[PDB]
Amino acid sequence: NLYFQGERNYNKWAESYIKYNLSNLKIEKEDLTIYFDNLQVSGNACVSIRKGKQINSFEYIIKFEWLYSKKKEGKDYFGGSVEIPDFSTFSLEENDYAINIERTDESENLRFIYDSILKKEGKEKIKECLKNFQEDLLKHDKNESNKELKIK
């Protein structure tokens, strides 16, 4: 009945958005670039219209990997995993969701990268990357409205 009442499922769009944004996110330092790959995005996204207003609900687990380039030396390395277990309408509003970052091994190089860049700035930049999700979801929803009711 929700579909007949105008709710639309945007899981494919949301998966694509989250993948695109994080796979293009680069954290640029003096001698290092942090980047991301291998994005699993699992969950749901939908919007309906109630009395002229968009009502949205989304929730995602985003699990991916982080890597780094020794910028001045032209070598890329695997770093570890990143898990955002609860990226949702509720957790986005307060921008307070967890980002759990792990290192692939116990080496000194990765500890330095994690401590110096990832644990604070890296998390900050990931959140900045994702912060417009709800606004972009709503714009996507508007074009679905166009597709169904305005395009001949």
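Don't overthink the numbering: it's just position in the shown sequence, from 1.
34 to 42 and 89 to 97 differ in mean CA B-factor, and the higher of the two is recorded for 89 to 97. As recorded in the PDB entry, 98 to 106 is the stretch of 98 to 106 and 60 to 68 with the greater mean C-alpha temperature factor.
Sort the modelled residues of the chain by CA B factor and residue 8 lands in the lowest third. In the PDB entry, residue 55 places in the middle third of its chain by CA B-factor. Ranked against the other modelled residues of its chain, the C-alpha B-factor of residue 126 as given in the entry falls in the middle third.
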